[PDB]
Structures are given as structure tokens and as C-alpha cells.
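Encoded as C-alpha cells, the structure appears first; notes follow it.
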There are 2 protein chains.
Amino acid sequence: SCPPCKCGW
Amino acid sequence: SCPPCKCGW
């Protein structure tokens with residue numbers, strides 16, 4: 001469904 | 001299922 005972008009804020 | 005971390009490499 002969705003890949004984690006291995007990042008964030 | 002998974003939240004996008006609105007980021008990445």
C-alpha cells in the first residue's frame with residue numbers, strides 16, 4: 001500500500 | 001497500513 005520514506009520531519 | 005513520512009532520501 002505504502003513505502004516508508006525512511007525519513008520524516 | 002503505513003503513513004508516508006513526507007520525506008525520503
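Ordering of the C-alpha cells sets the chain letters (A, B, ...); residue numbers start at 1 within each chain; ligands are numbered from 1 in the order shown.
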
Chain A contacts to chain B at 6 Å (only C-alpha atoms) as a ChimeraX atom specification: /A:2,4-8
